[PDB]
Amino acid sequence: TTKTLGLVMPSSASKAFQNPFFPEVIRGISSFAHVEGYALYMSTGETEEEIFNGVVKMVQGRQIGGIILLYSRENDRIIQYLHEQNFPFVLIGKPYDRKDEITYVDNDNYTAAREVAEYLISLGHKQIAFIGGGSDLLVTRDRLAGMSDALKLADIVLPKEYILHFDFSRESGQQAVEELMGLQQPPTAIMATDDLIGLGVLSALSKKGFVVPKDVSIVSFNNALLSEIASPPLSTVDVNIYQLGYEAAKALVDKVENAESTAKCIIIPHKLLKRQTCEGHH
């Protein structure tokens, strides 16, 4: 037997490592793999087809004992594959369906986003926008869902033009600001589902001569080191990336070694850190 664990990204390891979420999740993954003498393995394919092939060779090689998926996408072929080959794997993120069958690690993203939206609403904001990554990712749907419900519960409208999907990058944050700040009735607060987008939102808002947070409040997610040092420092939700990783690996090795298993879900705590990007609105 060989103990190595496979890691699967949502895209090229090169795109992934530009996002500080990933080195931190891997850092948690590794910290545990160490405890049980497991090593790590990832494929290099950039393309979706290439990433599939990647996972397939992993399973075909009989050298990988288990696989951690660092993401959760709707209709992931990767999951259809692993489920059919009966290969041991674990999610970081809610699965679209079969919660009962799949073992996953996640934050309560629905509630984190609800809480962020409650936070802004208690601040008197009534025109609140959401900027996320892919629609097809479940962390995005959930984060959307929680802020959305929070708005409907306080009787606050959420127009289609305040909901944005882009990839997670700074540029995304800049195009969002173009779109949002370009409307006839723009938002006064903004929730970004990723610090990269937060950081970009900030620069873009500042290139246009706005001031955060007097003109626009921003909350974002993930606590990137960069968020601490942004000017002004970003309110963000710490989502405990490392523990997501550590706990994912601990769940997988258990699944692999025990080999008779029950599927559970593991919820790692989040924390809203209010730094400097939010101001009162009343």
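Numbering starts at 1 and runs along the sequence shown.
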{"property": "Per the entry, higher mean C-alpha B factor between 78-86 and 164-172", "result": "164-172"}
{"property": "Between the two ranges 231-239 and 253-261, the one averaging a larger CA B factor in the entry", "result": "253-261"}
{"property": "Relative C-alpha B-factor of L226, binned into the chain's lowest, middle or highest third", "result": "highest"}
{"property": "Third assignment of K126 from its chain's C-alpha B-factors", "result": "middle"}
{"property": "B-factor third for the C-alpha atom of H270 within its chain", "result": "lowest"}
{"property": "CA B-factor ranking of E118, expressed as a third of its chain", "result": "middle"}
{"property": "Chain third (lowest, middle, highest) by recorded CA B-factor, residue given as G200", "result": "lowest"}
